[PDB]
Structure formats: C-alpha cells, structure tokens
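Take a look at this one chain, the form deposited without this ligand, written out in structure tokens.
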C-alpha cells in the first residue's frame, strides 16, 4: 500500500464526468472539476486541465496524470500550511498517507480547521484523536471511507485497506 493505491480505492476511477458524493462534477480518480451546477462549466474546466477538447471523456493515462498532479498538490499544500506542516512532520509514513487522503478529499482549509484532532494527532494520542475525528460532518457524510482513514490514523497500519 501507498498513497496512490489508498486514494485509488477511496476515490475510484471513472473516465466520464460524474457527480461526486457532494453532487459536484468530477472525473478520473477524484479530480474535482467545479462546484458549479453547469455541466458546460465542468467541461470547460476539464478541457483546460487536459489541454484538449475532451467533450467530457478522458483516457486512463490522462486520469492518472491528473491524479499525480492532485496528490503532489495536496502534500505540497500541507507543507505550505503553517498549522498542518508541524503535525504532518510529526507523523510516521503510514499516518502521513491518512493526512494526504483527508486533504485530498476535504481541502486544506477544511482540514486545518480540525484544531482539536490535529493536536491529538501531534500528541500521538491515537485513540482520542480517532474519537474526535469521527465527530464531524466528514465522518457522517462518508462514514465508510472516513472509518478507513481514521483507522489508519489510529493504528499506523494499512489494516483498513
């Protein structure tokens, strides 16, 4: 297991524009295109992201290219966030994957607001952090995925995947 295999499980792979769990136009491996309800706006974002007129459809290679960019941007965003970087750097490699997964799904601003969970993670109070993390809209809206990510934070193992 690694961050790519982990997010591939959590996000799936779809080559045509679809709506994510929040109803937002998405493609590939969890590549959010737009929060606009206008499919044309989503198609415009897709074409801009890929560099050609896609008409709502991409190849697996293109999906994997956006995924590589999105993972890289997620972890670099963590390192550039003054609240997230010290917590991330305190973690072992497996728990760092859980952190990237959260930011990939929720955005770095949503994650950085998890002030009490982040402190428990930095303190290595793993069971307490896991309890706090589940007290969230994140968990209630995507409980099976959140349970996997939380188990990863709690144990530092890949048991949930």
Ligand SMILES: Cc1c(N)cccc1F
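Positions refer to the first chain, counted from 1.
Omitted from view is the form deposited with this ligand bound, to which the following refers.
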Using the spot this ligand takes in the bound PDB entry, and overlaying the site C-alphas onto this chain, is the pocket open or blocked (blocked: 3 or more ligand atoms within 2.4 Å of backbone or C-beta atoms)?
open
Heavy atoms within 4.5 Å of this ligand in the bound PDB entry: does residue 94 have any?
no
Does at least one non-hydrogen atom of residue 58 fall within 4.5 angstroms of this ligand in the bound PDB entry?
no
Considering only 84-100, what residues come within 4.5 Å of this ligand in the bound PDB entry, judged by heavy atoms?
84, 87, 88, 91, 99
